[PDB]
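The file structure12.txt comes next; it holds compact mmCIF, C-alpha atoms.
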```txt
# COMPACT_ATOMS: atom_id res chain seq x y z
CA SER A 3 65.63 -123.45 -69.10
CA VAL A 4 65.30 -125.28 -65.78
CA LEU A 5 68.47 -127.35 -65.52
CA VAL A 6 68.95 -129.63 -62.53
CA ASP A 7 71.84 -131.92 -61.58
CA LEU A 8 71.02 -135.37 -60.21
CA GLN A 9 74.35 -136.99 -59.30
CA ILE A 10 73.88 -140.47 -57.81
CA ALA A 11 76.85 -142.07 -56.05
CA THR A 12 75.80 -145.72 -56.07
CA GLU A 13 75.61 -147.76 -59.26
CA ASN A 14 73.44 -150.50 -57.78
CA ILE A 15 70.78 -149.67 -55.19
CA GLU A 16 67.31 -150.70 -54.03
CA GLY A 17 65.85 -147.68 -55.82
CA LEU A 18 68.01 -145.71 -58.25
CA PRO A 19 67.04 -142.04 -58.68
CA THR A 20 67.85 -141.33 -62.34
CA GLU A 21 67.72 -137.71 -63.48
CA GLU A 22 65.26 -138.37 -66.31
CA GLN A 23 62.61 -139.59 -63.87
CA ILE A 24 63.33 -137.23 -60.97
CA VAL A 25 64.05 -134.20 -63.15
CA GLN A 26 61.16 -134.85 -65.55
CA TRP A 27 58.69 -135.78 -62.81
CA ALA A 28 59.54 -132.87 -60.50
CA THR A 29 61.50 -130.27 -62.47
CA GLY A 30 59.58 -131.32 -65.57
CA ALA A 31 56.19 -130.71 -63.98
CA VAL A 32 57.30 -127.24 -62.81
CA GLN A 33 58.36 -125.71 -66.13
CA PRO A 34 56.27 -127.67 -68.69
CA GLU A 35 55.64 -124.33 -70.44
CA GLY A 36 58.23 -121.82 -69.25
CA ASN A 37 61.57 -122.97 -67.84
CA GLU A 38 64.59 -121.13 -66.45
CA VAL A 39 66.82 -121.97 -63.45
CA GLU A 40 69.81 -124.02 -62.28
CA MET A 41 69.65 -126.54 -59.42
CA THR A 42 72.67 -128.78 -58.81
CA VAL A 43 72.07 -131.85 -56.63
CA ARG A 44 74.62 -134.42 -55.48
CA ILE A 45 73.14 -137.52 -53.87
CA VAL A 46 75.82 -139.60 -52.14
CA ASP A 47 76.55 -141.21 -48.77
CA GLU A 48 77.55 -139.05 -45.80
CA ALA A 49 81.28 -139.84 -45.87
CA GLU A 50 81.66 -139.07 -49.58
CA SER A 51 79.94 -135.67 -49.42
CA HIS A 52 81.47 -134.72 -46.07
CA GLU A 53 84.95 -135.74 -47.19
CA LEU A 54 84.25 -134.20 -50.60
CA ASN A 55 83.63 -130.77 -49.07
CA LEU A 56 86.20 -130.90 -46.29
CA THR A 57 88.73 -132.19 -48.84
CA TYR A 58 88.38 -129.22 -51.21
CA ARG A 59 87.40 -126.47 -48.74
CA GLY A 60 86.83 -127.74 -45.20
CA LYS A 61 83.05 -127.43 -44.97
CA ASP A 62 80.90 -128.33 -41.96
CA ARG A 63 80.84 -131.80 -40.37
CA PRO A 64 78.73 -135.01 -40.73
CA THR A 65 75.59 -133.10 -41.69
CA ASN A 66 72.30 -134.26 -43.21
CA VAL A 67 71.82 -131.99 -46.22
CA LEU A 68 74.85 -129.91 -47.19
CA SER A 69 74.60 -127.62 -50.22
CA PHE A 70 76.86 -125.12 -51.98
CA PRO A 71 75.25 -121.69 -52.65
CA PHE A 72 76.41 -119.32 -55.39
CA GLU A 73 78.02 -115.89 -55.00
CA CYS A 74 75.69 -113.84 -52.79
CA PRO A 75 76.98 -110.26 -53.27
CA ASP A 76 73.94 -108.03 -52.70
CA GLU A 77 70.69 -109.01 -54.42
CA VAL A 78 71.59 -110.15 -57.94
CA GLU A 79 68.30 -110.70 -59.78
CA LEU A 80 68.62 -113.98 -61.69
CA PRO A 81 67.10 -117.51 -61.65
CA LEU A 82 69.30 -119.99 -59.77
CA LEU A 83 69.27 -122.69 -57.10
CA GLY A 84 72.97 -123.39 -56.55
CA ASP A 85 74.69 -126.68 -55.71
CA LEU A 86 73.34 -129.35 -53.35
CA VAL A 87 74.69 -132.43 -51.57
CA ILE A 88 72.45 -134.88 -49.71
CA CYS A 89 72.58 -138.49 -48.52
CA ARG A 90 70.38 -141.16 -50.10
CA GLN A 91 70.41 -143.58 -47.16
CA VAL A 92 68.63 -140.96 -45.05
CA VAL A 93 66.05 -139.53 -47.45
CA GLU A 94 65.51 -142.94 -49.04
CA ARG A 95 64.86 -144.32 -45.57
CA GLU A 96 62.55 -141.45 -44.67
CA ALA A 97 60.61 -141.76 -47.92
CA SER A 98 60.74 -145.56 -47.81
CA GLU A 99 59.49 -145.44 -44.23
CA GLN A 100 56.82 -142.85 -45.03
CA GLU A 101 55.40 -145.44 -47.44
CA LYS A 102 55.09 -142.84 -50.20
CA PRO A 103 56.51 -142.49 -53.75
CA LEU A 104 60.15 -141.38 -53.65
CA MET A 105 59.28 -139.13 -56.60
CA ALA A 106 57.77 -136.52 -54.29
CA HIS A 107 60.41 -137.04 -51.59
CA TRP A 108 63.03 -136.04 -54.15
CA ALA A 109 61.42 -132.82 -55.37
CA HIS A 110 60.65 -132.00 -51.73
CA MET A 111 63.91 -133.15 -50.15
CA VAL A 112 65.89 -131.19 -52.76
CA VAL A 113 63.99 -127.95 -52.18
CA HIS A 114 64.19 -128.60 -48.44
CA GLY A 115 67.98 -128.54 -48.58
CA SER A 116 68.09 -125.88 -51.30
CA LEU A 117 66.42 -123.09 -49.31
CA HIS A 118 67.09 -124.19 -45.73
CA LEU A 119 70.78 -124.16 -46.68
CA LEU A 120 71.04 -120.82 -48.49
CA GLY A 121 67.58 -119.39 -49.12
CA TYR A 122 67.35 -118.89 -52.88
CA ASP A 123 64.37 -116.59 -52.19
CA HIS A 124 66.47 -113.58 -53.25
CA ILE A 125 65.01 -110.14 -54.11
CA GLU A 126 61.22 -110.16 -53.78
CA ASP A 127 60.97 -108.07 -56.96
CA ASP A 128 61.84 -110.35 -59.88
CA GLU A 129 63.25 -113.57 -58.44
CA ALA A 130 60.21 -113.55 -56.14
CA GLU A 131 57.50 -114.61 -58.60
CA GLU A 132 60.01 -116.74 -60.51
CA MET A 133 61.39 -118.58 -57.47
CA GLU A 134 58.04 -118.63 -55.66
CA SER A 135 56.26 -120.05 -58.71
CA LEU A 136 59.29 -122.27 -59.30
CA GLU A 137 59.18 -124.00 -55.91
CA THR A 138 55.39 -123.71 -55.87
CA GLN A 139 54.97 -125.52 -59.19
CA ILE A 140 57.15 -128.45 -58.10
CA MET A 141 55.98 -128.49 -54.48
CA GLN A 142 52.37 -127.32 -54.82
CA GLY A 143 51.82 -128.04 -58.51
CA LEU A 144 51.97 -131.71 -57.56
CA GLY A 145 50.65 -131.45 -54.02
CA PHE A 146 53.09 -133.75 -52.23
```

Represent the supplied structure as structure tokens.
Amino acid sequence: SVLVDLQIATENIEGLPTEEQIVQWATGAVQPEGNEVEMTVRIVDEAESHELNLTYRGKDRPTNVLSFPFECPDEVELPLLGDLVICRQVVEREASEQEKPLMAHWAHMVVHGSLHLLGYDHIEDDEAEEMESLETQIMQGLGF
């Protein structure tokens, strides 16, 4: 199925994300009939994520949307999105400033950092239609 990981860092905020809502709304509207994929997403302040990476591997520096891609040997035809790590203060501010439902900002902001970071658009043979339709159903299917 289409499993996604929504890991919030704050317990009390001005607009909690909750996986049920986010996942269901976005990821739920993408595979209402056929589901299959894995998208890990960690939403926490800059310091946490940055330190988190640099503490266990030494990743980049104070970025905006850092994600962790899976093993990219050659082509490997299989549904996947990999791990993701983004800040809420930024996206929440962007979405909050845009004056639009954070629901879309999430599905969009996640995919924005998912591809722009690794490019899960692997092999255009199988993963193509799957991935394409995958991102298309959540991004276009709703028309953010």

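Relative to CA of residue 36 (chain A), CA of residue 69 (chain A) is found at 25.8 Å.
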
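Distance check against residue 61 (chain A) using all atoms listed in the file: of A:31, A:87, A:8, A:106, the minimum falls on A:87.
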
Could you state the separation of CA of residue 20 (chain A) and CA of residue 51 (chain A) in Å, given to one decimal place?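 If I compute the distance from CA of residue 20 (chain A) to CA of residue 51 (chain A), I get 18.6 Å.
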
List every residue of region 32-102 of chain A that has an atom at most 8 Å from any atom of region 120-127 of chain A, giving for each one its closest atom pair and the distance in Å to one decimal, counting all atoms listed in the file, sorted by chain and then by ascending residue number, as CSV.
```
residue,atom,partner,partner_atom,distance
A:69,CA,A:120,CA,7.9
A:71,CA,A:120,CA,6.0
A:77,CA,A:125,CA,5.8
A:78,CA,A:125,CA,7.6
A:79,CA,A:125,CA,6.6
A:82,CA,A:122,CA,7.2
A:83,CA,A:122,CA,6.0
```

Quick one: write out the picked residues with C-alpha atoms as a PDB file, keeping the file's coordinate frame?
```pdb
ATOM      1  CA  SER A  69      74.600-127.620 -50.220  1.00  0.00           C
ATOM      2  CA  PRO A  71      75.250-121.690 -52.650  1.00  0.00           C
ATOM      3  CA  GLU A  77      70.690-109.010 -54.420  1.00  0.00           C
ATOM      4  CA  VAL A  78      71.590-110.150 -57.940  1.00  0.00           C
ATOM      5  CA  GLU A  79      68.300-110.700 -59.780  1.00  0.00           C
ATOM      6  CA  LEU A  82      69.300-119.990 -59.770  1.00  0.00           C
ATOM      7  CA  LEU A  83      69.270-122.690 -57.100  1.00  0.00           C
TER       8      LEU A  83
END
```

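For residue 67 (chain A), the list of residues within 10 Å, based on all atoms listed in the file and with local chain neighbours fewer than 2 positions off taken out, reads residues 44, 45, 48, 51, 64, 65, 69, 86, 87, 88, 89, 92, 93, 111, 112, 114, 115, 116, 118 and 119 of chain A.
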
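Neighbouring residues of residue 21 (chain A) at 8 Å or closer, counting all atoms listed in the file and skipping chain neighbours under 5 positions away, are residues 7, 8, 9 and 26 of chain A.
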
Padded axis-aligned box of region 100-104 of chain A (8 Å per side), centre and edge lengths, Å, one decimal, as AutoDock Vina command-line options:
```
--center_x 57.6 --center_y -143.4 --center_z -49.4 --size_x 21.1 --size_y 20.1 --size_z 24.7
```

Exercise: residue 136 (chain A) partners within 9 Å, only C-alpha atoms, chain neighbours under 2 positions left out, as a CSV table (one decimal) with C-alpha atoms, in the coordinates of the input:
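Generated file (part02.csv):
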```csv
chain,number,residue,atom,x,y,z
A,29,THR,CA,61.5,-130.3,-62.5
A,32,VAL,CA,57.3,-127.2,-62.8
A,33,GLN,CA,58.4,-125.7,-66.1
A,37,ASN,CA,61.6,-123.0,-67.8
A,38,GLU,CA,64.6,-121.1,-66.4
A,39,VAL,CA,66.8,-122.0,-63.4
A,131,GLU,CA,57.5,-114.6,-58.6
A,132,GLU,CA,60.0,-116.7,-60.5
A,133,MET,CA,61.4,-118.6,-57.5
A,134,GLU,CA,58.0,-118.6,-55.7
A,138,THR,CA,55.4,-123.7,-55.9
A,139,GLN,CA,55.0,-125.5,-59.2
A,140,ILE,CA,57.2,-128.4,-58.1
A,141,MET,CA,56.0,-128.5,-54.5
```

One decimal, Å: what's the distance from CA of residue 28 (chain A) over to CA of residue 110 (chain A), could you say?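 If I compute the distance from CA of residue 28 (chain A) to CA of residue 110 (chain A), I get 8.9 Å.
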
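Minimum atom-to-atom distance to residue 73 (chain A), evaluated using all atoms listed in the file, belongs to A:85 out of A:90, A:128, A:85, A:103.
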
Coordinate excerpt as an mmCIF file, in the first residue's frame: region 43-85 of chain A, N, CA and C atoms:
```
data_model
loop_
_atom_site.group_PDB
_atom_site.id
_atom_site.type_symbol
_atom_site.label_atom_id
_atom_site.label_comp_id
_atom_site.auth_asym_id
_atom_site.auth_seq_id
_atom_site.Cartn_x
_atom_site.Cartn_y
_atom_site.Cartn_z
ATOM 1 N N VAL A 43 8.463 11.000 6.096
ATOM 2 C CA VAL A 43 8.559 12.448 6.252
ATOM 3 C C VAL A 43 8.728 12.856 7.714
ATOM 4 N N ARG A 44 9.810 13.578 7.988
ATOM 5 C CA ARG A 44 10.100 14.053 9.334
ATOM 6 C C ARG A 44 9.992 15.574 9.394
ATOM 7 N N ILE A 45 8.957 16.061 10.067
ATOM 8 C CA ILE A 45 8.734 17.495 10.188
ATOM 9 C C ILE A 45 9.180 18.008 11.556
ATOM 10 N N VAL A 46 10.332 18.673 11.578
ATOM 11 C CA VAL A 46 10.885 19.222 12.811
ATOM 12 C C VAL A 46 11.719 20.467 12.522
ATOM 13 N N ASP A 47 11.936 21.285 13.550
ATOM 14 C CA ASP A 47 12.714 22.512 13.406
ATOM 15 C C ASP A 47 14.016 22.259 12.649
ATOM 16 N N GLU A 48 14.693 23.340 12.278
ATOM 17 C CA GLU A 48 15.948 23.250 11.540
ATOM 18 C C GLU A 48 17.035 22.563 12.363
ATOM 19 N N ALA A 49 17.304 23.102 13.549
ATOM 20 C CA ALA A 49 18.332 22.553 14.431
ATOM 21 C C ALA A 49 18.214 21.040 14.578
ATOM 22 N N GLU A 50 17.056 20.585 15.038
ATOM 23 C CA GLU A 50 16.811 19.158 15.241
ATOM 24 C C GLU A 50 17.246 18.329 14.032
ATOM 25 N N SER A 51 16.612 18.571 12.889
ATOM 26 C CA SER A 51 16.933 17.841 11.666
ATOM 27 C C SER A 51 18.420 17.941 11.340
ATOM 28 N N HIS A 52 18.904 19.169 11.200
ATOM 29 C CA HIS A 52 20.308 19.409 10.889
ATOM 30 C C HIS A 52 21.215 18.621 11.824
ATOM 31 N N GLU A 53 21.036 18.824 13.123
ATOM 32 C CA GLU A 53 21.832 18.115 14.114
ATOM 33 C C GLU A 53 21.606 16.614 13.984
ATOM 34 N N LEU A 54 20.350 16.233 13.766
ATOM 35 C CA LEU A 54 19.981 14.829 13.614
ATOM 36 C C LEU A 54 20.835 14.152 12.542
ATOM 37 N N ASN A 55 20.913 14.775 11.371
ATOM 38 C CA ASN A 55 21.698 14.225 10.268
ATOM 39 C C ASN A 55 23.186 14.262 10.591
ATOM 40 N N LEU A 56 23.692 15.466 10.802
ATOM 41 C CA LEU A 56 25.103 15.668 11.096
ATOM 42 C C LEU A 56 25.572 14.860 12.305
ATOM 43 N N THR A 57 24.646 14.466 13.172
ATOM 44 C CA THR A 57 25.013 13.705 14.362
ATOM 45 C C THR A 57 25.179 12.218 14.062
ATOM 46 N N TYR A 58 24.466 11.718 13.056
ATOM 47 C CA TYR A 58 24.551 10.299 12.722
ATOM 48 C C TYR A 58 25.260 10.043 11.388
ATOM 49 N N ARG A 59 25.589 11.098 10.638
ATOM 50 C CA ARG A 59 26.284 10.902 9.361
ATOM 51 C C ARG A 59 27.107 12.116 8.925
ATOM 52 N N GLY A 60 26.654 13.318 9.258
ATOM 53 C CA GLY A 60 27.381 14.509 8.848
ATOM 54 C C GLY A 60 26.849 15.064 7.541
ATOM 55 N N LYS A 61 25.525 15.131 7.435
ATOM 56 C CA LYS A 61 24.869 15.623 6.229
ATOM 57 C C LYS A 61 25.222 17.079 5.940
ATOM 58 N N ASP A 62 24.448 17.688 5.044
ATOM 59 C CA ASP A 62 24.654 19.073 4.635
ATOM 60 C C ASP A 62 24.657 20.032 5.833
ATOM 61 N N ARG A 63 24.228 21.272 5.600
ATOM 62 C CA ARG A 63 24.186 22.291 6.641
ATOM 63 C C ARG A 63 22.778 22.870 6.733
ATOM 64 N N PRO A 64 22.539 23.858 7.623
ATOM 65 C CA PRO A 64 21.217 24.475 7.785
ATOM 66 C C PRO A 64 20.479 24.657 6.461
ATOM 67 N N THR A 65 19.846 23.580 6.014
ATOM 68 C CA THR A 65 19.108 23.569 4.761
ATOM 69 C C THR A 65 17.654 23.997 4.966
ATOM 70 N N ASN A 66 16.817 23.706 3.976
ATOM 71 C CA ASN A 66 15.399 24.038 4.040
ATOM 72 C C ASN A 66 14.562 22.764 4.030
ATOM 73 N N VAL A 67 14.917 21.845 3.139
ATOM 74 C CA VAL A 67 14.211 20.576 3.020
ATOM 75 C C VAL A 67 15.183 19.437 2.737
ATOM 76 N N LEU A 68 15.726 18.852 3.799
ATOM 77 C CA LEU A 68 16.669 17.750 3.664
ATOM 78 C C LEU A 68 15.948 16.409 3.740
ATOM 79 N N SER A 69 16.264 15.519 2.807
ATOM 80 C CA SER A 69 15.648 14.200 2.769
ATOM 81 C C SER A 69 16.708 13.113 2.639
ATOM 82 N N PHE A 70 16.330 11.882 2.966
ATOM 83 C CA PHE A 70 17.253 10.758 2.886
ATOM 84 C C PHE A 70 16.768 9.726 1.869
ATOM 85 N N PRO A 71 17.383 9.699 0.671
ATOM 86 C CA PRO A 71 17.008 8.760 -0.389
ATOM 87 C C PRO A 71 17.476 7.338 -0.093
ATOM 88 N N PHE A 72 16.851 6.364 -0.748
ATOM 89 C CA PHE A 72 17.209 4.964 -0.555
ATOM 90 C C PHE A 72 18.372 4.575 -1.467
ATOM 91 N N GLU A 73 18.810 3.324 -1.363
ATOM 92 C CA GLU A 73 19.913 2.829 -2.181
ATOM 93 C C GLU A 73 19.606 2.997 -3.667
ATOM 94 N N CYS A 74 20.428 3.787 -4.352
ATOM 95 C CA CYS A 74 20.240 4.032 -5.778
ATOM 96 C C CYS A 74 21.330 3.348 -6.602
ATOM 97 N N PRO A 75 21.291 2.007 -6.680
ATOM 98 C CA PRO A 75 22.277 1.230 -7.440
ATOM 99 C C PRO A 75 22.276 1.584 -8.927
ATOM 100 N N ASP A 76 21.327 1.022 -9.673
ATOM 101 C CA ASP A 76 21.225 1.285 -11.105
ATOM 102 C C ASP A 76 19.869 1.892 -11.453
ATOM 103 N N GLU A 77 18.852 1.042 -11.544
ATOM 104 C CA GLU A 77 17.505 1.491 -11.871
ATOM 105 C C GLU A 77 16.509 1.036 -10.810
ATOM 106 N N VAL A 78 16.613 -0.231 -10.417
ATOM 107 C CA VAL A 78 15.732 -0.816 -9.402
ATOM 108 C C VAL A 78 14.280 -0.376 -9.584
ATOM 109 N N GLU A 79 13.487 -1.232 -10.222
ATOM 110 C CA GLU A 79 12.079 -0.939 -10.469
ATOM 111 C C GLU A 79 11.213 -1.350 -9.282
ATOM 112 N N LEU A 80 10.826 -0.369 -8.474
ATOM 113 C CA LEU A 80 9.987 -0.624 -7.308
ATOM 114 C C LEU A 80 9.441 0.684 -6.733
ATOM 115 N N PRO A 81 8.179 0.683 -6.266
ATOM 116 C CA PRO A 81 7.550 1.877 -5.690
ATOM 117 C C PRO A 81 8.211 2.300 -4.381
ATOM 118 N N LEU A 82 8.631 3.560 -4.312
ATOM 119 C CA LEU A 82 9.278 4.085 -3.113
ATOM 120 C C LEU A 82 9.453 5.596 -3.200
ATOM 121 N N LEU A 83 9.557 6.234 -2.043
ATOM 122 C CA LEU A 83 9.739 7.678 -1.981
ATOM 123 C C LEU A 83 10.959 8.045 -1.133
ATOM 124 N N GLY A 84 11.333 7.157 -0.213
ATOM 125 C CA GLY A 84 12.484 7.411 0.638
ATOM 126 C C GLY A 84 12.133 8.190 1.894
ATOM 127 N N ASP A 85 13.159 8.667 2.597
ATOM 128 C CA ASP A 85 12.960 9.432 3.826
ATOM 129 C C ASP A 85 13.014 10.932 3.549
#
```
